>>> print(open('upload_19.cif').read())   # mmCIF, C-alpha atoms and all ligand atoms
data_protein
#
loop_
_atom_site.group_PDB
_atom_site.id
_atom_site.type_symbol
_atom_site.label_atom_id
_atom_site.label_comp_id
_atom_site.auth_asym_id
_atom_site.auth_seq_id
_atom_site.Cartn_x
_atom_site.Cartn_y
_atom_site.Cartn_z
ATOM 1 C CA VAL A 1 -5.708 11.761 10.429
ATOM 2 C CA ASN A 2 -7.426 10.729 7.215
ATOM 3 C CA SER A 3 -10.975 9.755 6.247
ATOM 4 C CA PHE A 4 -10.667 5.903 5.863
ATOM 5 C CA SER A 5 -13.063 4.097 8.256
ATOM 6 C CA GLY A 6 -13.542 0.528 9.540
ATOM 7 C CA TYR A 7 -10.083 -0.818 8.621
ATOM 8 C CA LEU A 8 -8.174 -3.396 10.633
ATOM 9 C CA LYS A 9 -4.562 -2.300 11.212
ATOM 10 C CA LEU A 10 -2.078 -5.013 10.130
ATOM 11 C CA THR A 11 1.191 -3.074 10.529
ATOM 12 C CA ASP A 12 2.506 0.441 11.073
ATOM 13 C CA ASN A 13 1.458 1.346 7.515
ATOM 14 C CA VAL A 14 -0.899 -1.361 6.126
ATOM 15 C CA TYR A 15 -4.658 -1.462 6.792
ATOM 16 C CA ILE A 16 -7.303 -3.887 5.450
ATOM 17 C CA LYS A 17 -11.096 -4.001 5.090
ATOM 18 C CA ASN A 18 -13.747 -6.212 3.486
ATOM 19 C CA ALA A 19 -15.060 -3.725 0.943
ATOM 20 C CA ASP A 20 -15.888 -3.106 -2.689
ATOM 21 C CA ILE A 21 -13.081 -0.792 -3.849
ATOM 22 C CA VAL A 22 -15.548 1.020 -6.166
ATOM 23 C CA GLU A 23 -17.871 2.060 -3.308
ATOM 24 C CA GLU A 24 -14.970 2.701 -1.038
ATOM 25 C CA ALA A 25 -13.505 5.089 -3.635
ATOM 26 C CA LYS A 26 -16.740 6.994 -4.249
ATOM 27 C CA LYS A 27 -17.189 7.674 -0.512
ATOM 28 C CA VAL A 28 -13.696 8.441 0.421
ATOM 29 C CA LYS A 29 -12.535 10.302 -2.779
ATOM 30 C CA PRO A 30 -8.969 9.302 -1.941
ATOM 31 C CA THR A 31 -6.018 11.112 -3.476
ATOM 32 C CA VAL A 32 -4.959 7.823 -5.126
ATOM 33 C CA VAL A 33 -6.924 4.693 -6.020
ATOM 34 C CA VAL A 34 -4.893 1.791 -7.421
ATOM 35 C CA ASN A 35 -6.175 -0.129 -10.425
ATOM 36 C CA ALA A 36 -5.243 -3.765 -11.066
ATOM 37 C CA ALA A 37 -4.240 -2.973 -14.638
ATOM 38 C CA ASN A 38 -2.800 -4.966 -17.511
ATOM 39 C CA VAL A 39 -0.059 -3.669 -19.815
ATOM 40 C CA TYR A 40 -2.607 -2.580 -22.458
ATOM 41 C CA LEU A 41 -4.827 -0.744 -19.947
ATOM 42 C CA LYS A 42 -7.738 -2.832 -21.263
ATOM 43 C CA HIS A 43 -10.116 -2.606 -18.311
ATOM 44 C CA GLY A 44 -12.347 -5.575 -19.085
ATOM 45 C CA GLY A 45 -12.933 -7.391 -15.820
ATOM 46 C CA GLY A 46 -11.934 -7.807 -12.229
ATOM 47 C CA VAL A 47 -11.098 -4.631 -10.341
ATOM 48 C CA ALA A 48 -10.250 -2.792 -13.573
ATOM 49 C CA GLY A 49 -13.554 -3.591 -15.247
ATOM 50 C CA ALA A 50 -15.432 -2.508 -12.130
ATOM 51 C CA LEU A 51 -13.509 0.769 -11.709
ATOM 52 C CA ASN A 52 -13.881 1.577 -15.397
ATOM 53 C CA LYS A 53 -17.630 0.838 -15.346
ATOM 54 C CA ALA A 54 -18.021 3.223 -12.398
ATOM 55 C CA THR A 55 -16.407 5.986 -14.536
ATOM 56 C CA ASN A 56 -18.933 5.394 -17.359
ATOM 57 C CA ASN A 57 -15.981 4.207 -19.550
ATOM 58 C CA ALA A 58 -14.092 7.511 -19.191
ATOM 59 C CA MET A 59 -11.169 5.596 -17.663
ATOM 60 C CA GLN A 60 -10.974 3.414 -20.802
ATOM 61 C CA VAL A 61 -11.143 6.424 -23.147
ATOM 62 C CA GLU A 62 -8.301 8.143 -21.286
ATOM 63 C CA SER A 63 -6.328 4.886 -21.175
ATOM 64 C CA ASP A 64 -6.623 4.268 -24.917
ATOM 65 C CA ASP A 65 -5.167 7.733 -25.589
ATOM 66 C CA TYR A 66 -2.337 6.982 -23.119
ATOM 67 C CA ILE A 67 -1.446 3.719 -24.905
ATOM 68 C CA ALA A 68 -1.682 5.270 -28.363
ATOM 69 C CA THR A 69 0.911 7.851 -27.260
ATOM 70 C CA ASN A 70 3.193 5.791 -24.992
ATOM 71 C CA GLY A 71 2.741 2.108 -25.838
ATOM 72 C CA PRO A 72 2.122 -0.622 -23.281
ATOM 73 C CA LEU A 73 3.270 -0.612 -19.695
ATOM 74 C CA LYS A 74 5.788 -3.137 -18.348
ATOM 75 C CA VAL A 75 4.681 -5.980 -16.101
ATOM 76 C CA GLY A 76 5.618 -4.600 -12.678
ATOM 77 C CA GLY A 77 5.183 -1.022 -13.918
ATOM 78 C CA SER A 78 2.610 1.712 -13.517
ATOM 79 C CA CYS A 79 1.286 5.020 -14.746
ATOM 80 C CA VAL A 80 -0.665 7.830 -13.079
ATOM 81 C CA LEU A 81 -3.864 8.905 -14.824
ATOM 82 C CA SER A 82 -7.042 10.662 -13.731
ATOM 83 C CA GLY A 83 -9.159 9.235 -10.939
ATOM 84 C CA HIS A 84 -12.303 10.542 -12.678
ATOM 85 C CA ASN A 85 -15.271 10.458 -10.245
ATOM 86 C CA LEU A 86 -13.543 7.964 -7.919
ATOM 87 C CA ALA A 87 -10.330 9.675 -6.732
ATOM 88 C CA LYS A 88 -8.006 12.530 -7.612
ATOM 89 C CA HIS A 89 -5.629 10.116 -9.381
ATOM 90 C CA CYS A 90 -5.653 6.496 -10.469
ATOM 91 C CA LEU A 91 -2.355 4.630 -10.198
ATOM 92 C CA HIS A 92 -2.624 1.850 -12.800
ATOM 93 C CA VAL A 93 -0.281 -0.909 -11.568
ATOM 94 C CA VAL A 94 0.480 -4.096 -13.525
ATOM 95 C CA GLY A 95 0.931 -7.095 -11.259
ATOM 96 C CA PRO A 96 1.997 -10.353 -12.920
ATOM 97 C CA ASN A 97 -0.939 -12.402 -14.246
ATOM 98 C CA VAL A 98 -0.350 -16.038 -13.297
ATOM 99 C CA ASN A 99 -2.953 -17.065 -15.872
ATOM 100 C CA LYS A 100 -0.544 -15.631 -18.487
ATOM 101 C CA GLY A 101 2.552 -17.314 -17.021
ATOM 102 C CA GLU A 102 4.160 -14.110 -15.745
ATOM 103 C CA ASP A 103 6.918 -14.264 -13.152
ATOM 104 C CA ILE A 104 5.609 -13.884 -9.642
ATOM 105 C CA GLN A 105 8.759 -12.207 -8.466
ATOM 106 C CA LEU A 106 7.541 -9.184 -10.462
ATOM 107 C CA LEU A 107 4.895 -8.755 -7.757
ATOM 108 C CA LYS A 108 7.436 -6.999 -5.515
ATOM 109 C CA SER A 109 8.337 -4.595 -8.342
ATOM 110 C CA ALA A 110 4.622 -3.885 -8.840
ATOM 111 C CA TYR A 111 4.122 -2.997 -5.165
ATOM 112 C CA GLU A 112 7.197 -0.720 -5.215
ATOM 113 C CA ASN A 113 5.148 1.720 -7.317
ATOM 114 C CA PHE A 114 2.992 2.363 -4.238
ATOM 115 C CA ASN A 115 5.982 3.958 -2.458
ATOM 116 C CA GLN A 116 5.748 6.991 -4.756
ATOM 117 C CA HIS A 117 2.444 7.955 -3.044
ATOM 118 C CA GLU A 118 1.980 8.859 0.619
ATOM 119 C CA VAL A 119 -1.513 7.317 0.939
ATOM 120 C CA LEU A 120 -3.372 4.887 -1.353
ATOM 121 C CA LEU A 121 -6.589 2.892 -1.564
ATOM 122 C CA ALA A 122 -5.737 -0.344 -3.323
ATOM 123 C CA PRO A 123 -6.645 -3.919 -4.083
ATOM 124 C CA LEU A 124 -4.294 -6.797 -3.531
ATOM 125 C CA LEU A 125 -2.110 -6.895 -6.632
ATOM 126 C CA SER A 126 -2.209 -10.037 -8.766
ATOM 127 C CA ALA A 127 -5.208 -11.383 -6.753
ATOM 128 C CA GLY A 128 -8.604 -12.260 -8.202
ATOM 129 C CA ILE A 129 -8.524 -12.970 -11.931
ATOM 130 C CA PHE A 130 -4.753 -12.370 -12.021
ATOM 131 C CA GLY A 131 -4.403 -15.787 -10.395
ATOM 132 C CA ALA A 132 -1.916 -15.245 -7.561
ATOM 133 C CA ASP A 133 -2.443 -16.371 -3.978
ATOM 134 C CA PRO A 134 -3.903 -13.341 -2.136
ATOM 135 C CA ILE A 135 -2.146 -14.389 1.091
ATOM 136 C CA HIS A 136 1.259 -14.222 -0.738
ATOM 137 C CA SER A 137 0.235 -10.902 -2.265
ATOM 138 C CA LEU A 138 -0.559 -9.514 1.191
ATOM 139 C CA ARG A 139 2.834 -10.679 2.495
ATOM 140 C CA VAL A 140 4.661 -8.974 -0.391
ATOM 141 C CA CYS A 141 2.592 -5.828 0.160
ATOM 142 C CA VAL A 142 3.505 -5.655 3.852
ATOM 143 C CA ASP A 143 7.182 -6.365 3.138
ATOM 144 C CA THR A 144 7.449 -3.868 0.232
ATOM 145 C CA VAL A 145 5.132 -0.891 0.717
ATOM 146 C CA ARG A 146 6.338 1.709 3.224
ATOM 147 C CA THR A 147 3.676 4.356 2.537
ATOM 148 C CA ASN A 148 0.172 4.156 3.984
ATOM 149 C CA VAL A 149 -1.952 1.630 2.118
ATOM 150 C CA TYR A 150 -5.644 0.879 2.686
ATOM 151 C CA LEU A 151 -6.439 -2.508 1.139
ATOM 152 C CA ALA A 152 -9.978 -3.289 0.015
ATOM 153 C CA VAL A 153 -10.892 -6.909 -0.228
ATOM 154 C CA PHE A 154 -14.199 -7.474 -2.006
ATOM 155 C CA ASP A 155 -14.784 -11.055 -0.835
ATOM 156 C CA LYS A 156 -15.740 -11.348 2.839
ATOM 157 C CA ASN A 157 -14.584 -14.984 3.015
ATOM 158 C CA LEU A 158 -11.072 -14.251 1.619
ATOM 159 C CA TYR A 159 -10.839 -11.230 3.925
ATOM 160 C CA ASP A 160 -11.422 -13.448 6.969
ATOM 161 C CA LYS A 161 -8.796 -15.907 5.722
ATOM 162 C CA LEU A 162 -6.268 -13.103 5.103
ATOM 163 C CA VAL A 163 -6.720 -11.685 8.621
ATOM 164 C CA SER A 164 -6.754 -15.062 10.399
ATOM 165 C CA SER A 165 -3.586 -16.269 8.641
ATOM 166 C CA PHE A 166 -1.653 -12.978 8.880
ATOM 167 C CA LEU A 167 1.728 -13.265 10.572
HETATM 168 N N1 LIG B 1 -6.773 -18.687 -3.986
HETATM 169 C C1 LIG B 1 -7.162 -17.508 -4.708
HETATM 170 N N2 LIG B 1 -6.389 -16.970 -5.632
HETATM 171 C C2 LIG B 1 -6.791 -15.890 -6.265
HETATM 172 N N3 LIG B 1 -7.962 -15.326 -6.008
HETATM 173 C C3 LIG B 1 -8.773 -15.836 -5.093
HETATM 174 N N4 LIG B 1 -10.054 -15.230 -4.774
HETATM 175 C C4 LIG B 1 -11.229 -16.063 -5.171
HETATM 176 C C5 LIG B 1 -12.543 -15.487 -4.624
HETATM 177 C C6 LIG B 1 -12.715 -14.039 -4.961
HETATM 178 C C7 LIG B 1 -11.464 -13.221 -4.782
HETATM 179 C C8 LIG B 1 -11.655 -11.843 -5.470
HETATM 180 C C9 LIG B 1 -10.500 -10.879 -5.172
HETATM 181 C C10 LIG B 1 -10.720 -10.164 -3.836
HETATM 182 O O1 LIG B 1 -11.170 -10.814 -2.859
HETATM 183 O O2 LIG B 1 -10.464 -8.936 -3.707
HETATM 184 C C11 LIG B 1 -10.200 -13.885 -5.365
HETATM 185 C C12 LIG B 1 -8.382 -16.966 -4.393
HETATM 186 CL CL1 LIG B 1 -9.372 -17.746 -3.125
#
>>> encode(input="upload_19.cif", output="structure tokens", more="lines below")
Ligand SMILES: Nc1ncnc(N2CCC[C@H](CCC(=O)O)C2)c1Cl
Amino acid sequence: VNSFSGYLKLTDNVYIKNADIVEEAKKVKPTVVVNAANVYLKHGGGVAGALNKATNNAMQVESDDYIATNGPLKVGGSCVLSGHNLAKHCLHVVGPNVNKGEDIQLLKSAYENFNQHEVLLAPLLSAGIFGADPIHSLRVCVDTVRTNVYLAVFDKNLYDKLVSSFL
């Protein structure tokens, strides 16, 4: 038993809810919240901008030190940093950004990072401003992640479409 509430169960291990991941994180304090990161950990907009804003920019400060030491992430890759006031840890995962021309097949590699964590609160990778089809992203999530994932979908309309079209 864990503390996530109000989720619809899609599979043995995947759950979904219409929610703002920022508010969901501050209430639950999950062990891991996933950020929809880019390779530079520049948290300007989308999920990343919202999570970073909720940390009062501490996520960005930590991220800039990470990049200065380690260089950029790979598309499809990840790093574990602090969750600040939102979670114990933040798993920064880089899904392909269709609006940059990145290969969509890298979406499966991105979701594989979730398997290193027993339970996660996460957004749909490559959705929103990353330009992928959220229904495809949900399919890849279900077919790739084997650990317990709680997906937060900010937009109520998209949420309804994701549930109603789920196979
Ligand atoms: N076909 C699409 N491709 C990509 N993103 C899409 N949506 C647009 C509305 C907001 C939504 C925000 C992300 C979320 O809901 O967590 C993203 C669509 Cl509809």
>>> closest_residue(input="upload_19.cif", among="A:75, A:167, A:142, A:81", to="residue 12 in chain A", atoms="all atoms listed in the file")
A:142
>>> residues_near_ligand(input="upload_19.cif", ligand="ligand LIG 1 (chain B)", cutoff="8 Å", atoms="all atoms listed in the file", output="list in words")
residues 46, 47, 123, 124, 126, 127, 128, 129, 130, 131, 132, 133, 134, 152, 153, 154, 155, 156, 157, 158 and 159 of chain A
>>> closest_residue(input="upload_19.cif", among="A:52, A:82, A:13, A:99", to="residue 115 in chain A", atoms="all atoms listed in the file")
A:13
>>> residues_around(input="upload_19.cif", residues="residue 9 in chain A", least_positions_apart="3", cutoff="12 Å", atoms="all atoms listed in the file", output="list in words")
residues 4, 5, 6, 12, 13, 14, 15, 16, 17, 142, 148, 149, 150, 151, 163 and 166 of chain A
>>> resolve_selection(input="upload_19.cif", expression="the PyMOL selection byres (((chain A and resi 84) around 10) and not hetatm)", output="mmCIF file with C-alpha atoms, in the coordinates of the input")
data_model
loop_
_atom_site.group_PDB
_atom_site.id
_atom_site.type_symbol
_atom_site.label_atom_id
_atom_site.label_comp_id
_atom_site.auth_asym_id
_atom_site.auth_seq_id
_atom_site.Cartn_x
_atom_site.Cartn_y
_atom_site.Cartn_z
ATOM 1 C CA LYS A 29 -12.535 10.302 -2.779
ATOM 2 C CA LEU A 51 -13.509 0.769 -11.709
ATOM 3 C CA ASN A 52 -13.881 1.577 -15.397
ATOM 4 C CA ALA A 54 -18.021 3.223 -12.398
ATOM 5 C CA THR A 55 -16.407 5.986 -14.536
ATOM 6 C CA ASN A 56 -18.933 5.394 -17.359
ATOM 7 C CA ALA A 58 -14.092 7.511 -19.191
ATOM 8 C CA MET A 59 -11.169 5.596 -17.663
ATOM 9 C CA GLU A 62 -8.301 8.143 -21.286
ATOM 10 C CA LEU A 81 -3.864 8.905 -14.824
ATOM 11 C CA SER A 82 -7.042 10.662 -13.731
ATOM 12 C CA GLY A 83 -9.159 9.235 -10.939
ATOM 13 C CA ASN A 85 -15.271 10.458 -10.245
ATOM 14 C CA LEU A 86 -13.543 7.964 -7.919
ATOM 15 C CA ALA A 87 -10.330 9.675 -6.732
ATOM 16 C CA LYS A 88 -8.006 12.530 -7.612
ATOM 17 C CA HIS A 89 -5.629 10.116 -9.381
ATOM 18 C CA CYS A 90 -5.653 6.496 -10.469
#
>>> closest_residue(input="upload_19.cif", among="A:48, A:161, A:101, A:61", to="residue 18 in chain A", atoms="all atoms listed in the file")
A:161
>>> atom_distance(input="upload_19.cif", atom1="CA of residue 114 in chain A", atom2="CA of residue 19 in chain A")
19.7 Å
>>> resolve_selection(input="upload_19.cif", expression="the PyMOL selection byres (((chain A and resi 145) around 7) and not hetatm)", output="short mmCIF file (atom, residue, chain, number, x, y, z; two decimals) with C-alpha atoms, in the frame of the given file")
data_model
loop_
_atom_site.label_atom_id
_atom_site.label_comp_id
_atom_site.auth_asym_id
_atom_site.auth_seq_id
_atom_site.Cartn_x
_atom_site.Cartn_y
_atom_site.Cartn_z
CA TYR A 111 4.12 -3.00 -5.16
CA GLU A 112 7.20 -0.72 -5.22
CA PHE A 114 2.99 2.36 -4.24
CA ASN A 115 5.98 3.96 -2.46
CA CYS A 141 2.59 -5.83 0.16
CA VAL A 142 3.50 -5.66 3.85
CA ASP A 143 7.18 -6.36 3.14
CA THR A 144 7.45 -3.87 0.23
CA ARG A 146 6.34 1.71 3.22
CA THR A 147 3.68 4.36 2.54
#
>>> closest_residue(input="upload_19.cif", among="A:107, A:36, A:121, A:25", to="residue 76 in chain A", atoms="only C-alpha atoms")
A:107
>>> closest_residue(input="upload_19.cif", among="A:20, A:96, A:41, A:91", to="residue 71 in chain A", atoms="all atoms listed in the file")
A:41
>>> resolve_selection(input="upload_19.cif", expression="the PyMOL selection byres (((chain A and resi 39) around 10) and not hetatm)", output="ChimeraX atom specification")
/A:37-38,40-42,67,71-78,92-96
